[PDB]
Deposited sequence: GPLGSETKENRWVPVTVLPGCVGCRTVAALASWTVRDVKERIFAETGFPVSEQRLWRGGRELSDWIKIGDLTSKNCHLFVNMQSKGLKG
């Protein structure tokens, strides 16, 4: 059985947030903005090589969630 293993060379500036399943992607962005001052409008969340639309619920994605902000 296959298990894809992503190795992070260190994890500087990595941030972990406590989402509920009922949150959406836009919800995460808002949470990120509230904590870093990094504008929601400029955030692009990606998960395994695909960008995540604002309206996707987080619970629909799952279990530790990893999203890349590119």
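Residues 1-10, 73-75, 84-89 of the deposited sequence have no C-alpha coordinates in the structure.
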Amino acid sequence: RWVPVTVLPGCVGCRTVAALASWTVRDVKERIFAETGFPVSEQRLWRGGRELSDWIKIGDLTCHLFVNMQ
From here on, numbers count along this sequence of modelled residues.
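If you average the C-alpha B-factors over 52-60 and over 14-22, the higher value belongs to 52-60.
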